[PDB]
Structures are given as structure tokens and as C-alpha cells.
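Please read the structure below before turning to the comments.
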There are 2 protein chains.
Amino acid sequence: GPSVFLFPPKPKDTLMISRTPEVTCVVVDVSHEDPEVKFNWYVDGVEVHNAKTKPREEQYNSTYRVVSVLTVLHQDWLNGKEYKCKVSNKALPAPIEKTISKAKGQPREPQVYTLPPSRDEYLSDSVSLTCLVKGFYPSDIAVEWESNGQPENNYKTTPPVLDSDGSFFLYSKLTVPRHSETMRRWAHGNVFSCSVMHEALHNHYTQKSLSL
Amino acid sequence: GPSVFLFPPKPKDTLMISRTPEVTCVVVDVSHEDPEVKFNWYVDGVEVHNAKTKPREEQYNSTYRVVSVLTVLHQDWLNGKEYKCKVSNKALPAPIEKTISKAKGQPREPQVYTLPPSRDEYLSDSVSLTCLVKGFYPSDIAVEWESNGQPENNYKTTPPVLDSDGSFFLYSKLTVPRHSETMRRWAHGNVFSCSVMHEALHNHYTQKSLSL
Ligand SMILES: *[C@@H]1O[C@H](CO[C@@H]2O[C@@H](C)[C@@H](O)[C@@H](O)[C@@H]2O)[C@@H](O[C@@H]2O[C@H](CO)[C@@H](O[C@@H]3O[C@H](CO[C@H]4O[C@H](CO)[C@@H](O)[C@H](O)[C@@H]4O[C@@H]4O[C@H](CO)[C@@H](O)[C@H](O)[C@H]4NC(C)=O)[C@@H](O)[C@H](O[C@H]4O[C@H](CO)[C@@H](O)[C@H](O)[C@@H]4O[C@@H]4O[C@H](CO)[C@@H](O)[C@H](O)[C@H]4NC(C)=O)[C@@H]3O)[C@H](O)[C@H]2NC(C)=O)[C@H](O)[C@H]1NC(C)=O
Ligand SMILES: *[C@@H]1O[C@H](CO)[C@@H](O[C@@H]2O[C@H](CO)[C@@H](O[C@@H]3O[C@H](CO[C@H]4O[C@H](CO)[C@@H](O)[C@H](O)[C@@H]4O[C@@H]4O[C@H](CO)[C@@H](O)[C@H](O)[C@H]4NC(C)=O)[C@@H](O)[C@H](O[C@H]4O[C@H](CO)[C@@H](O)[C@H](O)[C@@H]4O)[C@@H]3O)[C@H](O)[C@H]2NC(C)=O)[C@H](O)[C@H]1NC(C)=O
């Protein structure tokens, strides 16, 4: 029988009015015997009519996949509106409903702290620039690095982790290899910046800088 | 029909011979109508007869949960042996098999670095003692904090994260509230320690100290 998966917008997309946040309802395991799929969409229980539904796509396992995309208004998402996708198909005993929304709770502002490498780390093949981001809610967030106005690509960021007070934290690590131009910038006292995007920040953005 | 899930031992359990590492086979969605479940266990395909089955727990959705627990030898697990669980039941077309073993590849030693709070963090409601653990493989690891040989429990540790070189890293964060005896110890210069257990460390253990 078919199955439905409902995906939220990307965190960057709801925070910048220039971007296009979307909720996406995906139906898989749609059969040949009953290939017709109907979508209904609701926002806080009220039906909306502006989703864009793609034609069905046959998969190599001889089932169909069908996708419907609803554009959301940035402030609706951030105001906690609920998005429901209802999927109808003759092979179902009844329609499948799925709902998604921003996690419930009072938003909380991230605190951002940059930490330089341990002195001991200079003996290894690289050093780590650390960005601690704590105290935030909900867990939807974006974290990036840059230096001299240009993005730094060699970084990895932990998932958010639930803290003992109900907020989240994470850490982001920018690697600076022993022999690299990035290492020479760090050595020269060049400034690196940890950038954070979150609904509870002013202008949804803050940067914290780090240098030797 | 029911479903089967198979779980590895806790990382700490395989690294100390005094502890009892276990592989656990969990059966979900077992009905009243066909309630009987059988287990067979195999190690590198060889039937072993020393597993023990727990009595079952009925779930709030009117299904049952059933489990079998097998004790393993620390060195069997660390040497990559394969553990197979076979589940039999009248409601299934054929028995279900699931297999598990330690991640494959050359173990790599964690490198451990303690980082003190950002000067900026002293303005907030707490400070964070940070432990960066990088360069380790496989991702199985345990991390704890202590001070004066006594455990410190107000900490959270991120999951392991895959780094760009195929090793893992994580961070562990020990919270030190603005007003607390633990803050008074940190202020006074007491040493706090990040303890790490991993198969590739000498004696499976290392500690790194941090003080003001
Ligand atoms: C027939 O084939 C298709 C595959 O299509 C293609 O063709 C075949 C022939 C092969 O070549 C395939 O390799 C090929 O892909 C099969 O369709 C698949 O069906 C499975 C289910 O059987 C679906 O699994 C779900 O996957 C989602 C994650 O999906 C995103 O990421 C995938 C990569 O990991 C990606 O492939 C998908 O397209 C997908 O969508 C995109 O994701 C990107 C990020 O990569 C995102 O940016 C995009 O926005 C998004 N796309 C769009 C258009 O927006 C996963 O989330 C699901 O897990 C949930 O459900 C599980 C139960 O099924 C559950 O165990 C999980 O824990 C999780 O559920 C959690 O708990 C509840 C819900 O239970 C919920 O509250 C929680 O929030 C939830 N999550 C957590 C964290 O707790 C699930 O694994 C595949 O997506 C789907 N593939 C495609 C392409 O649609 C089909 O199965 C085949 N049929 C047969 C019979 O063989
Ligand atoms: C009636 O209610 C029941 C309970 O609410 C339902 O049972 C649940 O059914 C779902 C889906 O059928 C199972 O989901 C799987 O969980 C696996 C992980 O389970 C571990 O972690 C969960 C989450 O915390 C925990 O509840 C489990 O008990 C289990 O770990 C135990 O606890 C700790 C935590 O890790 C662990 O250290 C212990 O070792 C272990 N306990 C013991 C005794 O050893 C996932 O790995 C599964 O992933 C599969 O499917 C994915 C599909 O996306 C895929 O990505 C994966 O590769 C993999 O194939 C899967 O998500 C729940 O485990 C199960 N709950 C319990 C308690 O068993 C029941 O379904 C419901 N009935 C109906 C009809 O709905």
C-alpha cells in the first residue's frame, strides 16, 4: 500500500524573505492497478488550493512516486501554522493524513562563542576553530564559516543536542590543515567568522569573529 | 506481521572486561492471535546456546514486545565477529534474520583537547567547559567528566559526526552555572577532566585536564 512522507522547509528558507520556503508531500509505492492520487492541503485545518503537484513518476521497482509542493509564507511558518497533506488513492482503506509545523515552544536566542585551538593541537596535522552555539529554541538553525568575506568550506557541524534546560546547543568545527593557505591566514592573525541564522536573532543573523 | 530490530553493545561495555557487553534482538508488532516467538542465535554462523529470552511487555497499542539478550565476549566483538538473530512466528511468511557486527576498518586513536569558556560567556547564566574529541574510528566511544576523582554529571555530549577524512569527532560540554559550588571550584582553579574510552587508546582510556 502507498506511504506518505511530509518534509518541512529548510531552516535558511524561512528566515530570509528572499528565499522560498516549501513543505513537500511525497507519496511512494503507488501501484499500477490504482495509479490515481489526489492531494488535499490544509493550513491550520483550512483547505488551501495553491500547491503545485507534479505528474507521477514511475520508479525502477515498477511503483509510482508522486510529489506535491506547497509554498509557505515565512511568517506563517514562524507563527506556528500547521500544514496538513491528505493523500487519497483507491488502493487505500482510507486517506492518509500527515501534518508538520515548527516545534512548539517559546523561541530562545542562541548565544554564540568562538574558541581557538588548544595549544596542544598545533602538534597534529591540523587545528580546529570551534563555534559553540547554545541556548536556542526551536532546533532549526543554520551555521556557516567565512574569512575575509568569503566562505570557508572545510567545516562540519554537529546536530543540535537537547540540553538539560530544554534548549538546544551544537558545535561547529572549521578545520585548518597544517599546510594550507587557511593555516597561513590563521597564523597571520586573519579573522575567521562563525555565522548563525535563527529566528530568535535580530535580523535572524549574527556573526562572531575569531583570530589568533 | 511483526518486525525485528537488532542492537550492538554499549561502547563502554566492550572496553572493560569487568563489564558485560550484550547484543539485543527486539521484536515489535507481535499480536495476541499469534503470540509465540522463537529465537536462534549464531556467531559467525555458529549456533550458540547461551542466549536468554526476557518475558514480554504488552504495549499501549495492544501489541506485544519480545526480546532476547545475548552476552558477548569483549574480544569477539572487537575482532569483528558477526552476530545473527533469527525470529520465528506463525504470522510471518518466513523467519526474519538480522545480523550485526562492529564497523570495519583500522581503528584510529582519539585526540582529546579541552577548551575553556570564552571570556564572553562569563556574562551569561553559565559557562561551558568544552572537550573536543577528534580523529577516532570506529565511532563507538564513551565520554565522561570528573573533578577531584568524583564524577561531574551536568554534561551533554554530541553524537559522533563523520569528518571529511572518514574519522569521527564529537564535542562534550560540561555546564558550570553562574552561581554554584562547581563555579566556585572553577573560579578557584580546581582541575576538571574529560575522560574518553575508545578501543584505540592504550588501556582503552585517556583523560585530559582543564583548569582556570
Ligand atoms: C520503490 O522505489 C522508491 C525509490 O525511488 C528510487 O527508485 C528505486 C527503484 C531505487 O533506485 C531507490 O534507490 C530510488 O531512491 C522507494 O521510495 C522510498 O521509500 C522509502 C520508504 O520505503 C522512503 O524512505 C523515507 O525516507 C525519508 C527521507 O527521505 C529523504 O531523504 C532520502 C535520502 O535519505 C531521499 O532519497 C528522499 O528523496 C527524501 O526526500 C528529500 O530529502 C531531501 C534531503 O536529502 C530534502 O532536502 C528534500 O526536501 C526531500 N525531497 C523533497 C522532494 O522534498 C525518511 O525521512 C523516512 O524515515 C521516516 O520514516 C521511517 C518509516 O518509513 C521511520 O523509520 C523513520 O524513523 C522516519 O520516521 C520518523 O518517525 C516519524 C514517522 O514515522 C516522524 O514523526 C519523524 O519525524 C520521522 N523522522 C525522524 C528523524 O524521527 C523514510 O526512510 C524514501 O524516501 C523513498 N524514496 C524516494 C526517492 O522517495 C520505494 O520504497 C520503493 N518501493 C519498494 C517496494 O521497493
Ligand atoms: C506499538 O508501540 C511500539 C512502541 O511505541 C512500537 O514499537 C516500535 O516500532 C518502531 C517501528 O516499527 C521501531 O522503530 C525502529 O527503531 C529502531 C531503533 O529502536 C531503538 O531506539 C528506539 C528509539 O528510542 C527505542 O524505542 C528502541 O527500544 C531501540 O533501542 C533500545 O533502547 C536503547 C536506545 O537506543 C538501546 O541502547 C537499547 O540497546 C535498545 N533496547 C534493547 C533492549 O536492546 C530503528 O533502528 C529502526 O530503524 C529501522 O527502520 C528505519 C526506517 O526509516 C531505517 O532507517 C533503519 O535502517 C532500520 O531499518 C526503527 O526505526 C521501534 O523500535 C519500536 N519500539 C520498541 C520499543 O521496540 C510498535 O510499532 C507499535 N505498533 C504499531 C502497530 O505501530
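To be explicit about the labels: the chains of the C-alpha cells are called A, B, and onward in the order shown, and within each one the residues are counted from 1, while ligands get numbers from 1 in the order they are shown.
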
Tell me as a PyMOL selection string which residues belonging to chain A come within 12 Å of chain B, counting only C-alpha atoms. chain A and resi 110-135+153-165+168-175+177+208-210

Export, as a short mmCIF file (atom, residue, chain, number, x, y, z; two decimals), in the first residue's frame, the selected residues with C-alpha atoms.
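Writing the result to part_1.cif gives the following:
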```cif
data_model
loop_
_atom_site.label_atom_id
_atom_site.label_comp_id
_atom_site.auth_asym_id
_atom_site.auth_seq_id
_atom_site.Cartn_x
_atom_site.Cartn_y
_atom_site.Cartn_z
CA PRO A 110 21.31 31.49 20.53
CA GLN A 111 24.42 32.58 22.33
CA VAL A 112 27.48 32.22 20.09
CA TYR A 113 31.06 31.76 21.32
CA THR A 114 34.22 31.15 19.34
CA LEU A 115 37.07 29.11 20.82
CA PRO A 116 40.58 28.87 19.36
CA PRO A 117 42.60 25.68 19.10
CA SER A 118 44.05 24.09 22.17
CA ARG A 119 47.78 24.84 22.31
CA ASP A 120 48.34 21.07 22.19
CA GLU A 121 46.54 20.78 18.87
CA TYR A 122 49.28 22.57 16.92
CA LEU A 123 51.42 19.44 17.05
CA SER A 124 48.86 17.49 14.96
CA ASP A 125 48.13 17.65 11.20
CA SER A 126 45.52 20.35 11.67
CA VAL A 127 43.90 22.71 14.11
CA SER A 128 40.26 23.25 14.87
CA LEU A 129 38.37 26.52 15.12
CA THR A 130 35.33 25.88 17.34
CA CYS A 131 31.98 27.70 17.40
CA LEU A 132 29.70 26.88 20.38
CA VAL A 133 26.08 27.84 19.79
CA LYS A 134 23.90 27.34 22.89
CA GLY A 135 20.63 28.16 24.48
CA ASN A 153 34.23 25.18 3.16
CA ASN A 154 36.17 22.70 5.33
CA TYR A 155 33.76 22.64 8.32
CA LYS A 156 31.38 20.15 9.96
CA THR A 157 28.57 20.94 12.39
CA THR A 158 27.03 18.63 14.96
CA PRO A 159 23.30 18.11 15.03
CA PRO A 160 21.51 20.02 17.64
CA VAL A 161 21.56 18.42 21.05
CA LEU A 162 18.90 18.80 23.73
CA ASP A 163 20.32 20.48 26.78
CA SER A 164 19.23 19.92 30.34
CA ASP A 165 17.15 23.16 30.37
CA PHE A 168 19.46 23.14 22.24
CA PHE A 169 23.14 23.51 21.58
CA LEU A 170 25.55 22.47 18.90
CA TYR A 171 29.19 22.90 17.95
CA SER A 172 30.68 23.68 14.55
CA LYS A 173 34.30 22.83 13.67
CA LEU A 174 36.36 24.52 10.97
CA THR A 175 39.43 22.51 10.11
CA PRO A 177 45.22 21.88 7.90
CA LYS A 208 31.11 36.05 15.95
CA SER A 209 34.74 36.54 14.97
CA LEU A 210 37.92 34.65 15.90
#
```

May I have all residues of range 29-207 of chain B that DSSP, computed from the backbone, assigns to helix (DSSP H, G or I), given as a PyMOL selection string? chain B and resi 74-78+119-123+181-188+202-204

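Superposing chain A on chain B by least squares over every C-alpha atom, paired in order, leaves an RMSD of 1.0 Å.
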
Identify, counting only C-alpha atoms and all ligand atoms, the protein, DNA and RNA residues located within 6 Å of ligand 1, and give them as a VMD selection string. chain A and resid 7 24 28 to 29 59 to 61 63

With N, CA and C atoms retained, write the just-selected residues as a compact mmCIF listing (two decimals), in the first residue's frame.
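Result file is selection-v9.txt:
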```
# COMPACT_ATOMS: atom_id res chain seq x y z
N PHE A 7 7.77 16.72 4.32
CA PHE A 7 9.04 17.36 4.65
C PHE A 7 8.87 18.85 4.89
N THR A 24 6.79 19.74 1.46
CA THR A 24 6.75 18.78 0.34
C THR A 24 6.16 17.45 0.77
N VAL A 28 4.89 7.42 -2.13
CA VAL A 28 5.63 6.31 -2.79
C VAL A 28 4.80 5.03 -2.75
N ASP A 29 5.25 4.02 -3.49
CA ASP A 29 4.56 2.72 -3.53
C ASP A 29 3.12 2.86 -4.02
N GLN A 59 8.98 4.45 -11.00
CA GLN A 59 10.26 4.10 -10.39
C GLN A 59 10.73 2.76 -10.96
N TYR A 60 12.01 2.44 -10.79
CA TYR A 60 12.54 1.21 -11.37
C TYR A 60 11.98 -0.04 -10.69
N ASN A 61 11.32 0.14 -9.54
CA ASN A 61 10.67 -1.01 -8.92
C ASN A 61 9.19 -1.12 -9.33
N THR A 63 6.73 0.82 -9.21
CA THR A 63 5.75 1.61 -8.48
C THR A 63 5.87 3.06 -8.91
```

All residues within 9 Å of ligand 2 are required, counting only C-alpha atoms and all ligand atoms; please report them as a PyMOL selection string. chain B and resi 2-10+22-30+58-69

Just to be explicit: take each residue in the selection above, keep N, CA, C and O atoms, and write the result as a compact mmCIF listing (two decimals), in the first residue's frame.
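The new file result_24.txt reads:
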```txt
# COMPACT_ATOMS: atom_id res chain seq x y z
N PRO B 2 4.83 -9.12 12.42
CA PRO B 2 5.77 -8.41 13.32
C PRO B 2 7.06 -7.93 12.63
O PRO B 2 7.30 -8.28 11.48
N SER B 3 7.84 -7.09 13.33
CA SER B 3 9.12 -6.55 12.83
C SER B 3 10.26 -6.79 13.83
O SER B 3 10.03 -6.91 15.05
N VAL B 4 11.49 -6.85 13.31
CA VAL B 4 12.66 -7.18 14.12
C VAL B 4 13.79 -6.15 14.03
O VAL B 4 14.15 -5.71 12.94
N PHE B 5 14.35 -5.81 15.19
CA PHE B 5 15.46 -4.86 15.27
C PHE B 5 16.58 -5.41 16.15
O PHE B 5 16.34 -5.94 17.23
N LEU B 6 17.82 -5.29 15.67
CA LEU B 6 18.98 -5.89 16.35
C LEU B 6 20.03 -4.85 16.75
O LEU B 6 20.46 -4.08 15.91
N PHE B 7 20.43 -4.84 18.03
CA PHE B 7 21.26 -3.77 18.60
C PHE B 7 22.61 -4.22 19.14
O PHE B 7 22.70 -5.28 19.76
N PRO B 8 23.66 -3.40 18.94
CA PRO B 8 25.00 -3.67 19.41
C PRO B 8 25.13 -3.44 20.90
O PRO B 8 24.20 -2.96 21.53
N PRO B 9 26.27 -3.81 21.47
CA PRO B 9 26.56 -3.49 22.88
C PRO B 9 26.86 -2.01 23.06
O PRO B 9 27.25 -1.34 22.09
N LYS B 10 26.73 -1.52 24.30
CA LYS B 10 27.20 -0.17 24.63
C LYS B 10 28.72 -0.10 24.50
O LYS B 10 29.46 -0.98 24.93
N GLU B 22 26.39 -6.82 25.67
CA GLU B 22 25.27 -7.61 25.17
C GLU B 22 24.81 -7.16 23.78
O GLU B 22 24.77 -5.98 23.47
N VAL B 23 24.40 -8.13 22.96
CA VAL B 23 23.66 -7.88 21.73
C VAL B 23 22.19 -8.22 22.00
O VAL B 23 21.89 -9.22 22.66
N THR B 24 21.30 -7.36 21.53
CA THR B 24 19.89 -7.47 21.85
C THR B 24 18.98 -7.50 20.63
O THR B 24 19.05 -6.62 19.77
N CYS B 25 18.13 -8.51 20.57
CA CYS B 25 17.19 -8.70 19.47
C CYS B 25 15.76 -8.37 19.91
O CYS B 25 15.20 -9.03 20.81
N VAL B 26 15.16 -7.37 19.28
CA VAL B 26 13.87 -6.81 19.71
C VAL B 26 12.77 -7.10 18.69
O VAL B 26 12.92 -6.84 17.51
N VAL B 27 11.65 -7.64 19.14
CA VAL B 27 10.56 -7.94 18.22
C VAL B 27 9.34 -7.09 18.54
O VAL B 27 8.83 -7.10 19.66
N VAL B 28 8.86 -6.39 17.52
CA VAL B 28 7.75 -5.45 17.66
C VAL B 28 6.53 -5.98 16.88
O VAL B 28 6.64 -6.92 16.10
N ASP B 29 5.36 -5.39 17.13
CA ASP B 29 4.14 -5.75 16.40
C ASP B 29 3.81 -7.24 16.44
O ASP B 29 3.38 -7.81 15.43
N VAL B 30 4.02 -7.88 17.58
CA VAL B 30 3.56 -9.26 17.76
C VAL B 30 2.15 -9.23 18.36
O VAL B 30 1.91 -8.58 19.38
N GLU B 58 3.42 -6.01 27.09
CA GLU B 58 2.33 -5.59 26.20
C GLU B 58 2.35 -4.07 26.05
O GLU B 58 2.48 -3.36 27.05
N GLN B 59 2.17 -3.58 24.83
CA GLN B 59 2.21 -2.14 24.56
C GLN B 59 0.84 -1.50 24.54
O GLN B 59 -0.18 -2.16 24.37
N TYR B 60 0.83 -0.18 24.67
CA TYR B 60 -0.41 0.56 24.84
C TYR B 60 -1.24 0.54 23.55
O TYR B 60 -2.42 0.86 23.57
N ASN B 61 -0.62 0.13 22.44
CA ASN B 61 -1.34 -0.04 21.18
C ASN B 61 -1.77 -1.50 20.98
O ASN B 61 -2.00 -1.95 19.85
N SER B 62 -1.85 -2.24 22.09
CA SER B 62 -2.39 -3.60 22.11
C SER B 62 -1.55 -4.60 21.33
O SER B 62 -2.02 -5.69 20.98
N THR B 63 -0.29 -4.24 21.09
CA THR B 63 0.71 -5.18 20.58
C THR B 63 1.66 -5.60 21.70
O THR B 63 1.69 -4.99 22.77
N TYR B 64 2.44 -6.64 21.44
CA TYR B 64 3.44 -7.10 22.39
C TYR B 64 4.85 -6.78 21.92
O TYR B 64 5.10 -6.60 20.72
N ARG B 65 5.76 -6.68 22.87
CA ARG B 65 7.17 -6.55 22.57
C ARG B 65 7.88 -7.73 23.21
O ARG B 65 7.65 -8.04 24.38
N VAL B 66 8.75 -8.37 22.45
CA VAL B 66 9.52 -9.54 22.90
C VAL B 66 11.02 -9.41 22.57
O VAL B 66 11.38 -8.97 21.48
N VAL B 67 11.88 -9.79 23.52
CA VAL B 67 13.33 -9.61 23.37
C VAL B 67 14.19 -10.80 23.83
O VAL B 67 13.87 -11.49 24.79
N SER B 68 15.28 -11.01 23.11
CA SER B 68 16.34 -11.93 23.50
C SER B 68 17.68 -11.21 23.64
O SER B 68 18.10 -10.46 22.72
N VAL B 69 18.37 -11.49 24.74
CA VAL B 69 19.66 -10.87 25.07
C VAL B 69 20.76 -11.91 25.07
O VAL B 69 20.67 -12.95 25.73
```

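Proximity to residue 186 in chain B was assessed for B:167, B:212, B:203, B:53 counting only C-alpha atoms; the smallest distance is recorded for B:212.
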
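Non-sequential neighbours of residue 20 in chain A (distance at most 9 Å, separation of 5 or more positions within a chain, only C-alpha atoms) are residues 9, 13, 14, 71, 72, 73 and 74 of chain A.
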